[PDB]
Amino acid sequence: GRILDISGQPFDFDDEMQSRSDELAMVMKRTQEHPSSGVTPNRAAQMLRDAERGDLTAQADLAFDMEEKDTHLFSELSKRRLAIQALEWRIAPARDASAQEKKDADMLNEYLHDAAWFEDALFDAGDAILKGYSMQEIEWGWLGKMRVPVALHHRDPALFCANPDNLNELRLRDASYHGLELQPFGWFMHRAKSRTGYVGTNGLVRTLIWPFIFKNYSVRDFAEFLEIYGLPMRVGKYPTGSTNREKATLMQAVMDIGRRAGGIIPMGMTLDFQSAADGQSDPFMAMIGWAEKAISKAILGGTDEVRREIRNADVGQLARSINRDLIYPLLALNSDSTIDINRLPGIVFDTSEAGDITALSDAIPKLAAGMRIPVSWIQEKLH
Amino acid sequence: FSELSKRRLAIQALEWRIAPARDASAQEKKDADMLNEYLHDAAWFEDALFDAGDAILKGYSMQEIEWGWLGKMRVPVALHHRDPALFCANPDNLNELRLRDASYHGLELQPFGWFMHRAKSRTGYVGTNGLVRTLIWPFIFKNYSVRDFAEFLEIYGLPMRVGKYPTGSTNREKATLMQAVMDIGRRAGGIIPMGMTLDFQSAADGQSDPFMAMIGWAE
Amino acid sequence: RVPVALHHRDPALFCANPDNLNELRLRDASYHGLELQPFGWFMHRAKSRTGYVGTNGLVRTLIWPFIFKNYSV
Amino acid sequence: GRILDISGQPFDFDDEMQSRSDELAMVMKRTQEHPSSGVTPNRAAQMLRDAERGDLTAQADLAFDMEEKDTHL
Amino acid sequence: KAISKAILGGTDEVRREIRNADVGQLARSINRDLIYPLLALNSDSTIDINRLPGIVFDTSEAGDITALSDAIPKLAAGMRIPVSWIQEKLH
């Protein structure tokens, strides 16, 4: 009953979800700050430094606002995140697998391909690309004679503050200096480190906050410029001493100028037209284009080999996280004997580049004569 | 960052193997294969390779080794990437990284407990060979140009709206004039006495060509 | 016993529960709101962006370019 | 007769449509707000935040107006 | 351009990925709420929740008939290619 985790520390496993503990009811329900309203680079630096020190709430809210506000950023982020979901995967057994190990690996493979909550797990784990860390709870359930998850809820990333000590262990916030640690076997954590460093640093929001600010400020300034451009101000200079009644009619006239407007004014009055916005759209669009290009560079790598390498890298990191926290827990809970930590099934994504069928088909039969070429190596390409 | 990640992910893409020593005997080949399989089946090696790429820009990637007992093999169980600022080069011989201990010489590294990867792109000492030495100048130029360009767009294309009230105007007629001159928006149109003026003076004149030229050169 | 017609009710009639923020509940002028009758509500939550039920719509991202384009036009 | 749902909670299934329950007759018939008339970014942010908090009505009406108004969209 | 980027992904692989993703989400929703209800209502025994029919969309990319036709007979000699796999492309 005293199940050991991956690190070999015995503990007692509890079916109750850590959030639903009747003690964190008033700290798991937070109304979002929306800090991206009127951001100044000084304040963005301040929230980034607060996140670096350990308080990740402001950074997570800022990342969420950046995801939903900047349309180009969202398009690029979705383009990157859907690359991962497209890859086909299988639970390849441990190397030199025996009978039972291969059978258990195949059982896990079939169950995961026939579980509706795995695709949600993979889609939500892609949130760590921008915020830095995707944390999902595991609501354990009884499926026949197998203790397997029945739902993976994606908790808000702002609820987790890094420990002030060792700065790499995500701890659920409990209004404490150290913070409440994660309940074992009940928190699917995927830390996607694009940049080496600590848990708060490795998010792409650190790099993308500046182009986001520049692009959005330029866009708003450009829109306000178009609000005024191409329509000159219409000022009338009534002679001094005019009665208080003749100013009202003059103002109602000068505000009545429309299409083909034409009227009469006394010799003492003037109706000069002064421009209220002079310039062109070249600077605003230049800044917008540069910022969008920078955002695309940060997200994908270039505005096709680089995108493939990005996909392979972050897919490998996700696979390592899954092996840590979605295969070993199932094996340990379902089985009763001490699970061999050295040899356990691991998820593998089919990230191999597709093989051009025509070149292989007109090349292999030519090399085959003379060379023993395994059918399998060839069977890997397509079927 | 995009270029640095593009370079660092090239290394991780390469496949590797623990090739035995040349003219390997039986036992040497078997040990080499054992190491190969163990390292391909250890989760902390990929982290080691990803963190060792930090030396590209800073100059030196230092990772501690938390030794652990795996059956009957004393092998690492976790490689923590310590902050590079904690290490100061020895004032003597200037090539041995020593953990800082508030001392002149500094505490040396504990043996068999510090994975050090000194990526020398340029010949020289440990502090020199980082790419930050070369890249600090284009970084400064590009970022200063970018901030200046953004501040220029903050002001460009919206002329300053100054009103010249005749002197001797009551202290109440200056407030209304200022609230009017700050009420100019889309299709704004109003009346001013003959003695007042509403000249529009530009507050930022120029174009985006120089800023973008400098940004392109720096990139 | 199979469906004979699927009526598309107006999405404004549904308010997310103030608790757990992911269960769509038919609005009944109540704080919690009337829950959906089982086996009688075909619900398809298309999450383009990770988050809650109200967040994952594309209107959140597209409201700004829509405003800018239409004001400019 | 006590059919269980996907989540294994027994219940009684009813053929009557939930809307046609003689209690939600005055809340299933709403005349649309059309909030996209004279939208200011402040007000768009306000309705987005209201939708985030749970009241999805304004967001849905805004999305409908965006769908029928912006031709490219 | 921004609206097109948000909707499709680019103003042709990206559109295919978008279609596959949202079609998969729709298929999961249908399996949750348009197959199990029919099975539970029509049948009287306890429906096996673990094993129930699921809707699948034919999202596989079309196969160029000329390349397959002049490649497979060249590989077939020597390798046991299954007619089925080939039958998936078109008929």
# chains A, B, ... in the order shown; residues from 1 in each chain; ligands from 1

$ select_by_dssp --residues "chain C" --states "strand (DSSP E)" --output "PyMOL selection string"
chain C and resi 14-16+24-26

$ closest_atom_pairs --of "chain E" --to "chain A" --cutoff "10 Å" --atoms "only C-alpha atoms" --output "JSON lines"
{"residue": "E:1", "atom": "CA", "partner": "A:72", "partner_atom": "CA", "distance": 9.2}
{"residue": "E:2", "atom": "CA", "partner": "A:71", "partner_atom": "CA", "distance": 6.2}
{"residue": "E:3", "atom": "CA", "partner": "A:71", "partner_atom": "CA", "distance": 7.6}
{"residue": "E:4", "atom": "CA", "partner": "A:75", "partner_atom": "CA", "distance": 9.3}
{"residue": "E:5", "atom": "CA", "partner": "A:75", "partner_atom": "CA", "distance": 5.8}
{"residue": "E:6", "atom": "CA", "partner": "A:75", "partner_atom": "CA", "distance": 5.1}
{"residue": "E:7", "atom": "CA", "partner": "A:75", "partner_atom": "CA", "distance": 8.2}
{"residue": "E:8", "atom": "CA", "partner": "A:75", "partner_atom": "CA", "distance": 8.6}
{"residue": "E:9", "atom": "CA", "partner": "A:75", "partner_atom": "CA", "distance": 5.9}
{"residue": "E:10", "atom": "CA", "partner": "A:75", "partner_atom": "CA", "distance": 8.2}
{"residue": "E:14", "atom": "CA", "partner": "A:79", "partner_atom": "CA", "distance": 6.9}
{"residue": "E:15", "atom": "CA", "partner": "A:79", "partner_atom": "CA", "distance": 9.5}
{"residue": "E:17", "atom": "CA", "partner": "A:82", "partner_atom": "CA", "distance": 6.7}
{"residue": "E:18", "atom": "CA", "partner": "A:82", "partner_atom": "CA", "distance": 7.4}
{"residue": "E:20", "atom": "CA", "partner": "A:86", "partner_atom": "CA", "distance": 8.1}
{"residue": "E:21", "atom": "CA", "partner": "A:82", "partner_atom": "CA", "distance": 7.3}
{"residue": "E:24", "atom": "CA", "partner": "A:119", "partner_atom": "CA", "distance": 9.3}
{"residue": "E:25", "atom": "CA", "partner": "A:119", "partner_atom": "CA", "distance": 9.0}
{"residue": "E:28", "atom": "CA", "partner": "A:116", "partner_atom": "CA", "distance": 7.2}
{"residue": "E:29", "atom": "CA", "partner": "A:116", "partner_atom": "CA", "distance": 9.9}
{"residue": "E:31", "atom": "CA", "partner": "A:116", "partner_atom": "CA", "distance": 9.6}
{"residue": "E:32", "atom": "CA", "partner": "A:116", "partner_atom": "CA", "distance": 9.2}
{"residue": "E:49", "atom": "CA", "partner": "A:143", "partner_atom": "CA", "distance": 9.5}
{"residue": "E:50", "atom": "CA", "partner": "A:114", "partner_atom": "CA", "distance": 8.2}
{"residue": "E:51", "atom": "CA", "partner": "A:114", "partner_atom": "CA", "distance": 8.6}
{"residue": "E:54", "atom": "CA", "partner": "A:114", "partner_atom": "CA", "distance": 9.9}
{"residue": "E:66", "atom": "CA", "partner": "A:358", "partner_atom": "CA", "distance": 9.9}
{"residue": "E:67", "atom": "CA", "partner": "A:358", "partner_atom": "CA", "distance": 6.3}
{"residue": "E:68", "atom": "CA", "partner": "A:357", "partner_atom": "CA", "distance": 7.6}
{"residue": "E:69", "atom": "CA", "partner": "A:358", "partner_atom": "CA", "distance": 9.9}
{"residue": "E:70", "atom": "CA", "partner": "A:358", "partner_atom": "CA", "distance": 7.8}
{"residue": "E:71", "atom": "CA", "partner": "A:361", "partner_atom": "CA", "distance": 5.2}
{"residue": "E:72", "atom": "CA", "partner": "A:361", "partner_atom": "CA", "distance": 7.1}
{"residue": "E:73", "atom": "CA", "partner": "A:361", "partner_atom": "CA", "distance": 8.8}
{"residue": "E:74", "atom": "CA", "partner": "A:361", "partner_atom": "CA", "distance": 6.0}
{"residue": "E:75", "atom": "CA", "partner": "A:361", "partner_atom": "CA", "distance": 5.5}
{"residue": "E:76", "atom": "CA", "partner": "A:361", "partner_atom": "CA", "distance": 9.2}
{"residue": "E:77", "atom": "CA", "partner": "A:365", "partner_atom": "CA", "distance": 8.5}
{"residue": "E:78", "atom": "CA", "partner": "A:365", "partner_atom": "CA", "distance": 8.3}
{"residue": "E:79", "atom": "CA", "partner": "A:375", "partner_atom": "CA", "distance": 6.8}
{"residue": "E:80", "atom": "CA", "partner": "A:375", "partner_atom": "CA", "distance": 9.0}
{"residue": "E:81", "atom": "CA", "partner": "A:383", "partner_atom": "CA", "distance": 7.7}
{"residue": "E:82", "atom": "CA", "partner": "A:383", "partner_atom": "CA", "distance": 8.7}
{"residue": "E:85", "atom": "CA", "partner": "A:383", "partner_atom": "CA", "distance": 7.5}
{"residue": "E:86", "atom": "CA", "partner": "A:383", "partner_atom": "CA", "distance": 9.5}

$ write_last_selection --atoms "C-alpha atoms" --output "mmCIF file, in the first residue's frame"
data_model
loop_
_atom_site.group_PDB
_atom_site.id
_atom_site.type_symbol
_atom_site.label_atom_id
_atom_site.label_comp_id
_atom_site.auth_asym_id
_atom_site.auth_seq_id
_atom_site.Cartn_x
_atom_site.Cartn_y
_atom_site.Cartn_z
ATOM 1 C CA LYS E 1 -4.277 39.659 -42.755
ATOM 2 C CA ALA E 2 -4.465 39.308 -38.968
ATOM 3 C CA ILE E 3 -8.033 37.977 -39.155
ATOM 4 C CA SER E 4 -7.006 35.442 -41.796
ATOM 5 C CA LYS E 5 -4.054 34.377 -39.640
ATOM 6 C CA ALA E 6 -6.322 33.859 -36.633
ATOM 7 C CA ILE E 7 -8.986 31.948 -38.566
ATOM 8 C CA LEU E 8 -7.077 29.720 -40.981
ATOM 9 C CA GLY E 9 -3.449 30.089 -39.885
ATOM 10 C CA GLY E 10 -1.958 31.790 -42.929
ATOM 11 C CA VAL E 14 -1.453 24.674 -41.575
ATOM 12 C CA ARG E 15 -5.063 24.625 -42.772
ATOM 13 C CA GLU E 17 -3.643 20.688 -39.310
ATOM 14 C CA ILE E 18 -6.386 23.094 -38.189
ATOM 15 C CA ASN E 20 -7.634 17.748 -38.351
ATOM 16 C CA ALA E 21 -7.513 19.247 -34.852
ATOM 17 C CA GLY E 24 -10.919 15.486 -33.858
ATOM 18 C CA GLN E 25 -12.415 17.655 -31.129
ATOM 19 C CA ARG E 28 -14.725 13.422 -29.398
ATOM 20 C CA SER E 29 -17.782 15.551 -28.615
ATOM 21 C CA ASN E 31 -18.709 10.198 -29.286
ATOM 22 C CA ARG E 32 -19.471 11.655 -25.865
ATOM 23 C CA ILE E 49 -18.344 2.423 -21.381
ATOM 24 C CA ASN E 50 -14.801 1.175 -22.034
ATOM 25 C CA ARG E 51 -15.771 -0.372 -25.398
ATOM 26 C CA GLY E 54 -16.658 5.838 -31.982
ATOM 27 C CA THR E 66 0.659 8.133 -60.407
ATOM 28 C CA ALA E 67 3.518 7.935 -57.899
ATOM 29 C CA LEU E 68 1.918 5.023 -56.051
ATOM 30 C CA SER E 69 1.153 3.211 -59.307
ATOM 31 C CA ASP E 70 4.707 3.496 -60.628
ATOM 32 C CA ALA E 71 6.331 2.908 -57.218
ATOM 33 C CA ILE E 72 4.466 0.006 -55.576
ATOM 34 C CA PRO E 73 4.871 -2.568 -58.388
ATOM 35 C CA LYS E 74 8.608 -1.746 -58.190
ATOM 36 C CA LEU E 75 8.799 -2.384 -54.424
ATOM 37 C CA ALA E 76 6.196 -5.173 -54.441
ATOM 38 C CA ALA E 77 8.660 -7.466 -56.098
ATOM 39 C CA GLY E 78 10.638 -8.493 -52.998
ATOM 40 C CA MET E 79 8.472 -6.986 -50.263
ATOM 41 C CA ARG E 80 5.036 -8.193 -49.031
ATOM 42 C CA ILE E 81 3.052 -4.899 -49.297
ATOM 43 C CA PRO E 82 -0.570 -5.375 -48.130
ATOM 44 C CA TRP E 85 -2.812 -0.312 -47.096
ATOM 45 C CA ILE E 86 -2.892 0.442 -50.752
#

$ interface_residues --of "chain D" --to "chain E" --cutoff "12 Å" --atoms "only C-alpha atoms" --output "PyMOL selection string"
chain D and resi 1-8+10+12-15+66-67+70-73

$ write_last_selection --atoms "N, CA and C atoms" --output "PDB file, in the first residue's frame"
ATOM      1  N   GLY D   1     -34.656   0.913 -16.290  1.00  0.00           N
ATOM      2  CA  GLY D   1     -35.192   2.229 -16.584  1.00  0.00           C
ATOM      3  C   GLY D   1     -34.299   3.352 -16.095  1.00  0.00           C
ATOM      4  N   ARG D   2     -33.538   3.075 -15.036  1.00  0.00           N
ATOM      5  CA  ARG D   2     -32.609   4.052 -14.469  1.00  0.00           C
ATOM      6  C   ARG D   2     -31.321   4.012 -15.286  1.00  0.00           C
ATOM      7  N   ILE D   3     -31.336   4.743 -16.399  1.00  0.00           N
ATOM      8  CA  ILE D   3     -30.202   4.747 -17.315  1.00  0.00           C
ATOM      9  C   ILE D   3     -29.052   5.531 -16.699  1.00  0.00           C
ATOM     10  N   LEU D   4     -27.843   4.994 -16.820  1.00  0.00           N
ATOM     11  CA  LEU D   4     -26.643   5.664 -16.345  1.00  0.00           C
ATOM     12  C   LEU D   4     -25.985   6.433 -17.484  1.00  0.00           C
ATOM     13  N   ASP D   5     -25.454   7.607 -17.156  1.00  0.00           N
ATOM     14  CA  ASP D   5     -24.765   8.434 -18.134  1.00  0.00           C
ATOM     15  C   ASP D   5     -23.324   7.948 -18.286  1.00  0.00           C
ATOM     16  N   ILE D   6     -22.511   8.712 -19.020  1.00  0.00           N
ATOM     17  CA  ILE D   6     -21.124   8.318 -19.245  1.00  0.00           C
ATOM     18  C   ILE D   6     -20.335   8.332 -17.941  1.00  0.00           C
ATOM     19  N   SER D   7     -20.710   9.196 -17.002  1.00  0.00           N
ATOM     20  CA  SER D   7     -19.992   9.341 -15.745  1.00  0.00           C
ATOM     21  C   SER D   7     -20.499   8.399 -14.661  1.00  0.00           C
ATOM     22  N   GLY D   8     -21.400   7.483 -14.997  1.00  0.00           N
ATOM     23  CA  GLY D   8     -21.876   6.497 -14.041  1.00  0.00           C
ATOM     24  C   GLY D   8     -22.718   7.043 -12.910  1.00  0.00           C
ATOM     25  N   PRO D  10     -26.660   7.291 -12.003  1.00  0.00           N
ATOM     26  CA  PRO D  10     -28.001   6.920 -12.465  1.00  0.00           C
ATOM     27  C   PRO D  10     -28.955   8.101 -12.397  1.00  0.00           C
ATOM     28  N   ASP D  12     -33.151   9.489 -14.252  1.00  0.00           N
ATOM     29  CA  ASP D  12     -34.343   9.172 -15.026  1.00  0.00           C
ATOM     30  C   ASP D  12     -34.369  10.045 -16.270  1.00  0.00           C
ATOM     31  N   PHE D  13     -34.507   9.411 -17.431  1.00  0.00           N
ATOM     32  CA  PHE D  13     -34.499  10.118 -18.703  1.00  0.00           C
ATOM     33  C   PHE D  13     -35.912  10.560 -19.062  1.00  0.00           C
ATOM     34  N   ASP D  14     -36.046  11.811 -19.500  1.00  0.00           N
ATOM     35  CA  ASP D  14     -37.336  12.409 -19.810  1.00  0.00           C
ATOM     36  C   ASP D  14     -37.364  12.849 -21.265  1.00  0.00           C
ATOM     37  N   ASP D  15     -38.463  12.535 -21.956  1.00  0.00           N
ATOM     38  CA  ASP D  15     -38.605  12.903 -23.360  1.00  0.00           C
ATOM     39  C   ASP D  15     -38.856  14.391 -23.554  1.00  0.00           C
ATOM     40  N   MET D  66     -20.032  40.174 -34.995  1.00  0.00           N
ATOM     41  CA  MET D  66     -18.779  40.120 -35.736  1.00  0.00           C
ATOM     42  C   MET D  66     -18.893  39.169 -36.916  1.00  0.00           C
ATOM     43  N   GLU D  67     -19.647  38.084 -36.749  1.00  0.00           N
ATOM     44  CA  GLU D  67     -19.814  37.134 -37.839  1.00  0.00           C
ATOM     45  C   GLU D  67     -20.638  37.731 -38.973  1.00  0.00           C
ATOM     46  N   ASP D  70     -18.514  41.838 -40.300  1.00  0.00           N
ATOM     47  CA  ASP D  70     -17.225  41.876 -40.980  1.00  0.00           C
ATOM     48  C   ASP D  70     -17.221  40.831 -42.088  1.00  0.00           C
ATOM     49  N   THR D  71     -17.252  41.295 -43.340  1.00  0.00           N
ATOM     50  CA  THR D  71     -17.405  40.385 -44.470  1.00  0.00           C
ATOM     51  C   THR D  71     -16.216  39.444 -44.603  1.00  0.00           C
ATOM     52  N   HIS D  72     -14.997  39.964 -44.440  1.00  0.00           N
ATOM     53  CA  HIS D  72     -13.820  39.104 -44.517  1.00  0.00           C
ATOM     54  C   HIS D  72     -13.835  38.056 -43.415  1.00  0.00           C
ATOM     55  N   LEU D  73     -14.239  38.454 -42.208  1.00  0.00           N
ATOM     56  CA  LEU D  73     -14.344  37.502 -41.109  1.00  0.00           C
ATOM     57  C   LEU D  73     -15.334  36.396 -41.437  1.00  0.00           C
TER      58      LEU D  73
END

$ interface_residues --of "chain C" --to "chain E" --cutoff "8 Å" --atoms "only C-alpha atoms" --output "compact mmCIF listing (two decimals) with N, CA and C atoms, in the first residue's frame"
# COMPACT_ATOMS: atom_id res chain seq x y z
N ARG C 1 -35.31 4.58 -29.93
CA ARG C 1 -35.51 5.93 -29.39
C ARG C 1 -34.34 6.79 -29.86
N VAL C 2 -34.54 7.48 -30.98
CA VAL C 2 -33.48 8.24 -31.62
C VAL C 2 -33.95 9.68 -31.84
N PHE C 39 -28.77 13.78 -21.38
CA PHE C 39 -29.19 13.13 -22.62
C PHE C 39 -30.12 14.02 -23.44
N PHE C 42 -26.83 18.48 -26.82
CA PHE C 42 -25.61 18.19 -27.58
C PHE C 42 -24.67 19.39 -27.46
N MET C 43 -23.63 19.24 -26.64
CA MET C 43 -22.68 20.31 -26.37
C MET C 43 -21.35 19.99 -27.02
N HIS C 44 -20.83 20.93 -27.80
CA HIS C 44 -19.54 20.79 -28.47
C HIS C 44 -18.69 22.00 -28.12
N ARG C 45 -17.72 21.81 -27.22
CA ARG C 45 -16.85 22.89 -26.77
C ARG C 45 -15.55 22.80 -27.57
N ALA C 46 -15.41 23.66 -28.57
CA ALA C 46 -14.23 23.68 -29.43
C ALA C 46 -13.20 24.60 -28.81
N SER C 48 -9.95 26.18 -29.05
CA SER C 48 -8.78 26.54 -29.84
C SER C 48 -7.62 26.95 -28.95
N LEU C 58 -12.73 32.07 -30.40
CA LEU C 58 -11.90 32.93 -31.23
C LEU C 58 -12.33 34.39 -31.20
N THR C 61 -9.71 36.68 -29.45
CA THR C 61 -8.59 37.14 -30.26
C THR C 61 -9.03 38.07 -31.38
N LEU C 62 -10.18 37.81 -31.99
CA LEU C 62 -10.58 38.52 -33.19
C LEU C 62 -11.34 39.81 -32.93
N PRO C 65 -8.80 43.05 -34.05
CA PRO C 65 -8.71 43.35 -35.49
C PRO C 65 -10.05 43.71 -36.10
N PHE C 66 -11.14 43.11 -35.63
CA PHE C 66 -12.46 43.49 -36.11
C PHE C 66 -12.74 44.97 -35.85

$ closest_residue --among "B:23, B:101, B:148, B:64" --to "residue 113 in chain B" --atoms "only C-alpha atoms"
B:64

$ residues_around --residues "range 87-103 of chain A" --least-positions-apart "6" --cutoff "8 Å" --atoms "only C-alpha atoms" --output "list in words"
residues 109, 343, 344, 345, 346, 347, 348, 349, 350 and 351 of chain A

$ atom_distance --atom1 "CA of residue 147 in chain A" --atom2 "CA of residue 319 in chain A"
21.8 Å

$ interface_residues --of "chain D" --to "chain A" --cutoff "10 Å" --atoms "only C-alpha atoms" --output "list in words"
residues 7, 42, 45, 49, 52 and 53 of chain D

$ decode --residues "range 43-55 of chain E" --atoms "N, CA, C and O atoms" --output "PDB file, in the first residue's frame"
ATOM      1  N   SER E  43     -30.602   0.208 -26.189  1.00  0.00           N
ATOM      2  CA  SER E  43     -30.342  -1.054 -25.520  1.00  0.00           C
ATOM      3  C   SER E  43     -30.855  -1.014 -24.082  1.00  0.00           C
ATOM      4  O   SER E  43     -31.152   0.045 -23.525  1.00  0.00           O
ATOM      5  N   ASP E  44     -30.962  -2.200 -23.480  1.00  0.00           N
ATOM      6  CA  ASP E  44     -31.421  -2.332 -22.106  1.00  0.00           C
ATOM      7  C   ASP E  44     -30.331  -2.767 -21.139  1.00  0.00           C
ATOM      8  O   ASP E  44     -30.423  -2.448 -19.949  1.00  0.00           O
ATOM      9  N   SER E  45     -29.317  -3.485 -21.610  1.00  0.00           N
ATOM     10  CA  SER E  45     -28.225  -3.906 -20.750  1.00  0.00           C
ATOM     11  C   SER E  45     -27.255  -2.753 -20.514  1.00  0.00           C
ATOM     12  O   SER E  45     -27.250  -1.750 -21.232  1.00  0.00           O
ATOM     13  N   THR E  46     -26.424  -2.910 -19.486  1.00  0.00           N
ATOM     14  CA  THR E  46     -25.437  -1.895 -19.137  1.00  0.00           C
ATOM     15  C   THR E  46     -24.415  -1.768 -20.260  1.00  0.00           C
ATOM     16  O   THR E  46     -23.647  -2.699 -20.520  1.00  0.00           O
ATOM     17  N   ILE E  47     -24.404  -0.614 -20.928  1.00  0.00           N
ATOM     18  CA  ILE E  47     -23.483  -0.392 -22.034  1.00  0.00           C
ATOM     19  C   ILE E  47     -22.058  -0.340 -21.503  1.00  0.00           C
ATOM     20  O   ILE E  47     -21.767   0.357 -20.523  1.00  0.00           O
ATOM     21  N   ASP E  48     -21.162  -1.085 -22.147  1.00  0.00           N
ATOM     22  CA  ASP E  48     -19.753  -1.090 -21.769  1.00  0.00           C
ATOM     23  C   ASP E  48     -19.136   0.253 -22.138  1.00  0.00           C
ATOM     24  O   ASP E  48     -18.877   0.527 -23.313  1.00  0.00           O
ATOM     25  N   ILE E  49     -18.898   1.097 -21.130  1.00  0.00           N
ATOM     26  CA  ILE E  49     -18.344   2.423 -21.381  1.00  0.00           C
ATOM     27  C   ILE E  49     -16.936   2.329 -21.951  1.00  0.00           C
ATOM     28  O   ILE E  49     -16.540   3.157 -22.781  1.00  0.00           O
ATOM     29  N   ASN E  50     -16.159   1.332 -21.522  1.00  0.00           N
ATOM     30  CA  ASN E  50     -14.801   1.175 -22.034  1.00  0.00           C
ATOM     31  C   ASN E  50     -14.799   0.892 -23.532  1.00  0.00           C
ATOM     32  O   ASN E  50     -13.971   1.437 -24.271  1.00  0.00           O
ATOM     33  N   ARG E  51     -15.719   0.052 -24.000  1.00  0.00           N
ATOM     34  CA  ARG E  51     -15.771  -0.372 -25.398  1.00  0.00           C
ATOM     35  C   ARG E  51     -17.115   0.037 -25.994  1.00  0.00           C
ATOM     36  O   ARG E  51     -18.124  -0.646 -25.795  1.00  0.00           O
ATOM     37  N   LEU E  52     -17.124   1.146 -26.724  1.00  0.00           N
ATOM     38  CA  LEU E  52     -18.294   1.587 -27.465  1.00  0.00           C
ATOM     39  C   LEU E  52     -17.851   2.132 -28.815  1.00  0.00           C
ATOM     40  O   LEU E  52     -16.728   2.627 -28.948  1.00  0.00           O
ATOM     41  N   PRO E  53     -18.706   2.038 -29.834  1.00  0.00           N
ATOM     42  CA  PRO E  53     -18.332   2.550 -31.157  1.00  0.00           C
ATOM     43  C   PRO E  53     -18.035   4.040 -31.120  1.00  0.00           C
ATOM     44  O   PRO E  53     -18.662   4.804 -30.384  1.00  0.00           O
ATOM     45  N   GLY E  54     -17.067   4.443 -31.922  1.00  0.00           N
ATOM     46  CA  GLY E  54     -16.658   5.838 -31.982  1.00  0.00           C
ATOM     47  C   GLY E  54     -16.568   6.327 -33.409  1.00  0.00           C
ATOM     48  O   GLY E  54     -16.106   5.611 -34.295  1.00  0.00           O
ATOM     49  N   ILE E  55     -17.018   7.565 -33.624  1.00  0.00           N
ATOM     50  CA  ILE E  55     -16.989   8.143 -34.960  1.00  0.00           C
ATOM     51  C   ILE E  55     -15.555   8.485 -35.335  1.00  0.00           C
ATOM     52  O   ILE E  55     -14.770   8.966 -34.507  1.00  0.00           O
TER      53      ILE E  55
END
